**Q** 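After the structure tokens below, expect a handful of questions from me.
First the proteins, then the strands, lettered A, B, ... as listed; each starts at 1. Computation of the quantities below employed the complete heavy-atom set of this structure, encompassing side-chain atoms and omitting hydrogens, waters and symmetry-equivalent molecules.
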Amino acid sequence: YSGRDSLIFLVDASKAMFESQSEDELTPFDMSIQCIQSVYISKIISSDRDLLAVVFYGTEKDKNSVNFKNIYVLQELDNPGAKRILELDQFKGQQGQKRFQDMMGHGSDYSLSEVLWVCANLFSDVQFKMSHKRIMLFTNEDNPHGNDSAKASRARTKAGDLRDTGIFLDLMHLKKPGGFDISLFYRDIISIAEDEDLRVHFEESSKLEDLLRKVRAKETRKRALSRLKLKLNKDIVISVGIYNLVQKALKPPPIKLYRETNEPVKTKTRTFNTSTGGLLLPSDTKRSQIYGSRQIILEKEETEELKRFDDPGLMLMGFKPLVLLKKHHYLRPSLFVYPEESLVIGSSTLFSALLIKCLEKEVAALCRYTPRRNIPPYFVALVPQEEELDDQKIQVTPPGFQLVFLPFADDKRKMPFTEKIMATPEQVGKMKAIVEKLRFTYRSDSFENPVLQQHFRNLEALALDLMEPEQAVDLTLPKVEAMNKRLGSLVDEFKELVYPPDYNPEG
Amino acid sequence: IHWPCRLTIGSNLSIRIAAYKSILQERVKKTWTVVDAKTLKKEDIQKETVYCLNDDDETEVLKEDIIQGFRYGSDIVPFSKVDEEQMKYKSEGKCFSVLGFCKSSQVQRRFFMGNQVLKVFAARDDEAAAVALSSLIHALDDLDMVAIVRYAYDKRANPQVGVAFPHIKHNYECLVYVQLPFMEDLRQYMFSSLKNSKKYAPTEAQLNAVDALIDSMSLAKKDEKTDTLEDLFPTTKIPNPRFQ
Amino acid sequence: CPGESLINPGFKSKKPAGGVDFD
Amino acid sequence: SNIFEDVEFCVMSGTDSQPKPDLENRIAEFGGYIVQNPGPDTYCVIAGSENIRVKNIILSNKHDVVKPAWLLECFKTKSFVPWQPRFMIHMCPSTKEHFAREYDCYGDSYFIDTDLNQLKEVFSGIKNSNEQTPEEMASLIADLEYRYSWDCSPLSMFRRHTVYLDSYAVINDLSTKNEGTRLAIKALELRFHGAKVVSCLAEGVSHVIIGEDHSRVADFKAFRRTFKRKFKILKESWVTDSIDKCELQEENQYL
DNA sequence: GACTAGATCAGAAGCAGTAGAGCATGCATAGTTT
DNA sequence: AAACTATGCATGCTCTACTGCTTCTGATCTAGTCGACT
């Protein structure tokens with residue numbers, strides 16, 4: 001998967017789309033606008049390098065390269081930004097609907113062939129490589145052309161041509177007074193006709209709920225940190241790739257701006273002599289360190305050369321039982337090692353054999369690891385990792401090796417000596433009861449970083465000039481009320497059984 | 001440095017605890033100092049940073065006329081530092097709370113994050129706290145479960161969600177705390193399956209050769225008299241070659 | 001390929017974080 | 001036409017009929033420095049909407065926020081108009097000290113007179129408060145009406161004349177309400193005109209009104225004997241004549 | 001020949017991640033002076 | 001015995017540099033059309 005994903009939001013501008021079934025309900029047009037805005041915000045937060053477009057059909061005015069009738073391309077394929085969101089915001093309400101009607105109009109005819117032609121033309125203009133081509137149809141008219149059959153045939157032919165080109169088509173059908181029926185006309189235009197998507201739907205599509213669900217977490221495409229060589233010995237070498245399945249998420253780096261006109265500035269660092277005033281490059285100056293009441297002077301090149309031990313890669317040392325590995329010896333986040341057949345042919349077979357035998361014998365490969373040049377070596381353990389799938393066969397644990405760093409003698413710290421006091425069985429039983437009362441299931445994606453979420457919310461509020469920032473609920477805060485209700489009296493019994501009458505833990 | 005805090009389970013149970021850092025990546029105590037080649041003095045070298053605009057004159061601007069900004073899509077949104085502090089996420093610092101308890105199986109080592117391991121003992125010169133912590137540790141070990149907890153070093157430190165699991169030895173017992181990942185940190189990468197590959201399937205002879213290699217290169221000796229494993233190559237007892 | 005993220009093709013959709021839900 | 005001379009202005013107005021670019025261009029052609037963010041040198045920030053940025057500036061007491069109307073007025077008169085709380089959204093401590101001298105805490109001054117519109121603006125800022133109780137508000141209103149020769153109003157012409165109506169068959173009984181046609185609306189009109197109507201006959205009563213039912217005259221004449229102060233019995237022509245003439249009529253002709 | 005327009009390769013830019021140094025802030029711990 | 005100051009540690013933010021992977025752009029090249037000549 002290489003390139004960018006392009007999406008086009010086709011929104012019908014027919015009269016039937018501007019009628020609300022109930023007074024306290026959202027019109028289909030407003031729902032489509034809200035979905036587009038949500039997708040825009042999600043793309044800005046997650047993938048800012050993607051391309052989006054917004055096109056309307058069935059209007060009175062037109063704006064397109066080919067100069068068709070009743071097709072107004074509101075926004076062409078361009079990276080998302082706050083300006084487009086603000087522009088779309090002027091159609092959200094009823095006054096926005098009036099503004100949209102005045103600007104473009106509604107109630108005119110249209111031909112789906114022209115719409116698809118305009119979409120294809122928009123796709124062709126983009127110069128960047130596009131991994132995905134996608135179009136979404138926000139409409140509530142299952143029979144766009146019932147009076148004319150030639151128009152339907154032309155639309156079918158254009159949809160087929162687009163499908164052959166490699167353009168995905170999706171139908172976000174909206175509520176209809178009568179009921180949407182895909183079988184009428186949209187069975188062929190839509191790229192994939194699901195078996196369940198054949199009955200008459202009396203409610204908006206379920207995909208709108210997914211679209212409205214804002215995702216405020218960055219998405220990174222698969223990439224290899226390094227492509228190194230595993231050396232069983234001097235003459236047996238295979239090629240492996242290293243990946244970081246877990247990586248800390250950081251706020252985007254701040255940028256320095258000028259106060260007067262918000263124009264970015266450039267920061268430069270320089271070093272000058274005090275007694276002469278001249279400028280010194282980072283080669284005239286030396287390095288120093290005061291040991292034993294004396295000064296030791298080393299050049300920069302020598303200082304860098306102090307760290308040269310061995311060439312980059314992994315060197316095999318032996319195999320160790322997994323029992324000897326310790327959980328509390330954590331030093332650094334682990335990495336993932338996978339075969340890489342491009343550099344060396346035959347690496348995959350040996351890697352698979354090693355993984356199978358390591359799983360069978362429950363052993364881990366001890367290795368010496370050197371990520372880059374002029375970096376001191378470390379001792380790592382490659383633990384086999386089998387392929388684990390979930391109920392729906394979606395892979396949850398890939399096959400390969402888990403690279404875990406092992407601490408040196410300097411990475412451990414001595415602990416103060418503390419006398420051991422053992423609790424009586426009754427206290428342990430009461431604590432067991434409390435623990436059982438406070439039991440819950442844990443998942444790796446059950447928590448979110450409050451700082452990053454609040455930062456994203458504040459940034460969006462500032463960019464869109466919203467009245468107040470949206471407040472993010474913190475799921476990491478203990479539920480004091482629920483815990484108190486569940487525990488009941490157990491806390492009092494434990495405190496009576498473990499603490500003297502006058503202890504005052506807080507004090 | 002001894003770090004005092006209170007392990008809280010709800011709003012009525014609290015145990016005074018002291019936390020230390022057990023495992024961390026050691027660094028050099030002293031750093032190289034830049035000196036002048038001729039006089040060999042640090043007083044003759046001065047480093048300073050300046051800011052200038054992207055103009056032919058490259059006019060300089062003082063630090064009082066410099067604002068912060070961020071990238072929101074295709075445009076830059078100003079965000080002054082004072083406004084950022086006004087809108088920053090505020091939390092009560094120095095918290096050690098028990099979010100819940102979960103089976104040790106659910107928490108896997110491959111998900112461990114952070115750059116340190118914390119060892120939590122009872123407060124010094126405190127018997128009731130020691131009894132409470134021992135009860136908690138023994139209950140967790142007997143039930144084979146760990147505690148998902150929220151940890152914050154201080155007011156300025158960002159909150160973290162981590163796992164505390166018991167550590168019992170013949171002479172001392174304590175809790176071991178290691179950070180856990182957030183939803184953002186997780187990465188979803190898809191890799192092909194090697195078991196069901198018709199092109200990389202090992203043969204019987206290849207598997208036998210790999211088995212022989214694994215058996216011959218064993219780094220542990222199994223003494224049958226004591227039925228014990230002895231490590232022929234202890235990595236944890238090797239000084240770092242960098243400092244040497 | 002059920003569960004694929006509509007917003008981001010090629011990435012598996014992630015369920016909303018539920019925090020702690022006692023049994 | 002350069003009224004301004006080396007003055008820094010920051011503009012952040014959002015939804016307005018005079019968007020930012022026109023104001024920025026006008027300021028630029030008026031010899032006025034324009035900046036996108038505030039700083040120690042700027043002496044005012046203009047914003048016609050209550051967006052997040054103005055809220056942040058308000059929470060930081062280091063700058064002054066002014067409505068766009070101030071600059072429009074400045075353009076209109078081609079002269080520097082002194083500031084006012086009317087053209088303001090927030091004040092830094094220095095401006096609070098300055099305006100606290102000749103401008104009261106609300107939007108009113110004690111050095112310059114005021115008109116109807118200005119007083120309406122002052123009253124708009126004031127918010128409703130409920131620290132008072134009916135009787136004490138009535139007493140304070142009466143004292144105010146007496147203080148400044150303020151008893152000449154037509155709608156307050158019955159402020160000091162409390163009237164009790166004989167619309168109940170049994171006195172001091174709320175369950176004996178009658179269905180009087182003229183009496184009920186006459187009492188309602190009396191109350192609407194400023195008179196005080198009490199359903200319970202207490203010592204505070206001052207005047208008594210009895211309809212065309214003369215059977216109750218003896219009861220009232222007996223009750224008033226025990227009362228420390230004796231009320232007066234009047235007929236319906238008195239109230240009608242008083243309303244028609246807009247001035248109180250002598251009870252001697254209607255006793 | 002010459003032009004124009006298609007398709008192929010290699011270097012530079014962007015980006016991600018790591019390491020080193022400095023700063024600031026906060027806090028704790030221990031030595032010296034009165 | 002109490003207050004001030006030297007020393008150290010833990011953490012967040014920022015400049016600066018360096019290495020590696022991926023994508024975009026400038027540069028190096030064959031087919032179609034018109035024209036020149038003989």
**Q** If only side-chain N and O atoms of A:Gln247 are considered, is one of them under 4.0 Å from the OP1 or OP2 phosphate oxygen of E:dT18?
**A**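 Yes, A:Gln247 has a side-chain N/O under 4.0 Å of OP1/OP2 on E:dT18.
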
**Q** Mind calculating the distance between CZ (B:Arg27) and P (E:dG22) to the nearest angstrom?
**A** 15 Å

**Q** If you walk 5' to 3' along DNA chain F, what is the first nucleotide with an atom under 4.0 Å of a heavy atom in chain B, and what is the last?
**A**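 Contact boundaries, 5' end first: F:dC9 to F:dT14.
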
**Q** Taking atom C1' of E:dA16 as reference, at what distance in whole Å does atom CD1 of A:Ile242 sit?
**A**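 Distance, rounded to whole Å: 15 Å.
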
**Q** Is the shortest side-chain N/O distance from B:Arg187 to OP1 or OP2 of E:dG17 below 4.0 Å?
**A** yes

**Q** Hey, are the side chains of B:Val117 and B:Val176 touching, using non-hydrogen atoms and a 4.5 Å cut-off?
**A** yes

**Q** Does a donor on one side chain and an acceptor on the other come within less than 3.5 Å for A:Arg259 and D:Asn37?
**A**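 There is no such pair between these side chains.
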
**Q** Taking NZ from B:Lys21 and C1' from E:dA28, how many angstroms apart are they, rounded to a whole number?
**A**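 It works out to 15 Å between those atoms.
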
**Q** Over all strands shown, is A:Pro282 touching base, sugar-phosphate only, or nothing at heavy-atom distances under 4.0 angstrom?
**A**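 Contact class for A:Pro282: none.
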
**Q** Using the side-chain heavy atoms of A:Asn244, tell me which of these nucleotides is nearest: E:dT18, E:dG20, E:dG17.
**A** E:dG17

**Q** Rounding to an integer number of Å, can you tell me how far B:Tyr20 OH sits from E:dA28 P?
**A**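 Value for this atom pair: 14 Å.
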
**Q** For F:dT33, which nucleotide is its Watson-Crick or G-U wobble mate, given both distances must be under 3.5 Å?
**A** E:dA2

**Q** Is it the case that the ring center of A:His455 lies less than 6.0 angstrom away from the ring center of B:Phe70?
**A**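 For B:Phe70 and A:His455, the ring centres are under 6.0 Å apart.
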
**Q** Over all strands shown, is B:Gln25 touching base, sugar-phosphate only, or nothing at heavy-atom distances under 4.0 angstrom?
**A** nothing

**Q** Under 4.0 Å, heavy atoms only, any strand: does A:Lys268 hit a base, just the sugar-phosphate, or nothing?
**A**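 Answer is sugar-phosphate: A:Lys268 comes under 4.0 Å of backbone atoms only.
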
**Q** Need the pair for E:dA28. Rule: Watson-Crick or G-U wobble, both distances under 3.5 Å, any strand; none if unpaired.
**A** F:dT7

**Q** So, does B:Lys155 get its side chain near the phosphate of E:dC27, meaning an N or O under 4.0 Å from OP1 or OP2?
**A**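 Yes.
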
**Q** Between B:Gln86 and B:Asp83, does any side-chain donor sit less than 3.5 Å from a side-chain acceptor?
**A**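 Their side chains do not contain a donor-acceptor pair, so the 3.5 Å distance test is not met.
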
**Q** Could you check whether B:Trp3 gets within reach of a base, just the sugar-phosphate, or nothing at all, counting any heavy atom under 4.0 Å?
**A**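 Nothing, no nucleic acid heavy atom in range.
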
**Q** Provide the closest heavy-atom pair for A:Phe272 versus A:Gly277 in the form atom of the first, atom of the second, distance.
**A**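 Scanning both residues, the minimum pair turns out to be CB-O, 4.3 Å.
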
**Q** When rounded to the nearest 0.5 angstrom, what distance separates CG in A:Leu298 from NZ in A:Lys300?
**A** 13.0 Å

**Q** Can you find a heavy atom in the side chain of A:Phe405 that is under 4.5 Å from one in the side chain of A:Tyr330?
**A** no

**Q** What does B:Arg242 touch in the nucleic acid at a heavy-atom separation under 4.0 angstrom: a base, only the sugar-phosphate, or nothing?
**A** sugar-phosphate

**Q** What's the CD1-P distance between A:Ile255 and E:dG14, to the nearest Å?
**A**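 Those two atoms, CD1 and P, are 13 Å apart.
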
**Q** Categorise the sugar of E:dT25 by the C1'-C2'-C3'-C4' dihedral sign as either north or south.
**A** north

**Q** Based on the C1'-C2'-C3'-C4' torsion angle, does the furanose ring of E:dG11 adopt a north or a south pucker?
**A** south

**Q** I need the minimum non-hydrogen distance between A:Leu51 and A:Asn79, along with the two atoms involved.
**A**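 So the minimum-distance heavy-atom pair works out to CD2-OD1, 3.5 Å.
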
**Q** Which part of the nucleic acid, if any, lies within contact of A:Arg221, taking any heavy atom under 4.0 Å across all strands shown: a base, the sugar-phosphate backbone alone, or nothing?
**A**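 The answer is nothing, as A:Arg221 stays clear of every strand by at least 4.0 Å.
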
**Q** For A:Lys129 and B:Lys81, take the nucleotide of DNA chain F holding the closest heavy atom to each; which residue's nucleotide lies nearer the 5' end?
**A** B:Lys81

**Q** What nucleic acid atoms does A:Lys300 come within less than 4.0 Å of, heavy atoms only: base, sugar-phosphate, or nothing?
**A**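 It contacts nothing in the nucleic acid.
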
**Q** Remember a base hit wins even if backbone is also touched, and classify B:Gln68 as base, sugar-phosphate or nothing at under 4.0 Å, heavy atoms.
**A**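 Answer is sugar-phosphate: B:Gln68 comes under 4.0 Å of backbone atoms only.
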
**Q** Looking at B:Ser97, B:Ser14, B:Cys95, which hits side-chain contact (heavy atoms from CB on, under 4.5 Å) with B:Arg6?
**A**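 Option passing the side-chain contact (heavy atoms from CB on, under 4.5 Å) with B:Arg6: B:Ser14.
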
**Q** Using ring centroids (six-membered ring only for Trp), state whether B:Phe182 and A:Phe447 fall under 6.0 Å.
**A** no

**Q** Any base atoms under 4.0 Å from A:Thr220, or only sugar-phosphate, or nothing? Heavy atoms, all strands.
**A**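 No contact.
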
**Q** Would you kindly give the CG-to-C1' distance between A:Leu298 and E:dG20, to the nearest whole Å?
**A** 17 Å

**Q** Are the six-membered base rings of F:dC29 and F:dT30 centred less than 5.5 Å apart, with their planes inclined by less than 30 degrees?
**A**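 No, the criteria are not both met.
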
**Q** For A:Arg223, which contact category applies under a 4.0 Å heavy-atom criterion: base, sugar-phosphate, or nothing?
**A**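 Counting heavy atoms under 4.0 Å across all strands, the contact made by A:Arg223 includes a base.
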
**Q** Compare every heavy atom of C:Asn8 with every heavy atom of A:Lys43, then report the nearest pair and how far apart it is.
**A**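 Taking every non-hydrogen atom into account, NZ-OD1, 3.6 Å.
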
**Q** Please report the distance, rounded to the nearest Å, between CG in A:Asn79 and P in E:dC15.
**A** 11 Å

**Q** Phosphate oxygens OP1/OP2 of E:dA19: is one of them under 4.0 Å from a side-chain N or O of A:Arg332?
**A**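 Checking E:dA19 against A:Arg332, a side-chain N or O does come within under 4.0 Å of OP1 or OP2.
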
**Q** Please give the angle, rounded to 10 degrees, between the axes at the start and the end of the helix from E:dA7-F:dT28 to E:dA24-F:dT11, where five pairs define each axis.
**A** 20°

**Q** Please report the distance, rounded to the nearest Å, between CD in A:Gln289 and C1' in E:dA21.
**A**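 Atom-to-atom, A:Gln289 to E:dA21, this comes out as 13 Å.
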
**Q** Within the structure, does a side-chain N or O atom of A:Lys307 lie under 4.0 Å from either OP1 or OP2 of E:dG20?
**A**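 True: A:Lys307 side-chain N/O within range (under 4.0 Å) of E:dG20 OP1/OP2.
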
**Q** Indicate whether any N or O donor in one side chain lies under 3.5 Å from an N or O acceptor in the other, for A:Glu219 and A:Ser46.
**A**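 No, no side-chain donor-acceptor contact under 3.5 Å.
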
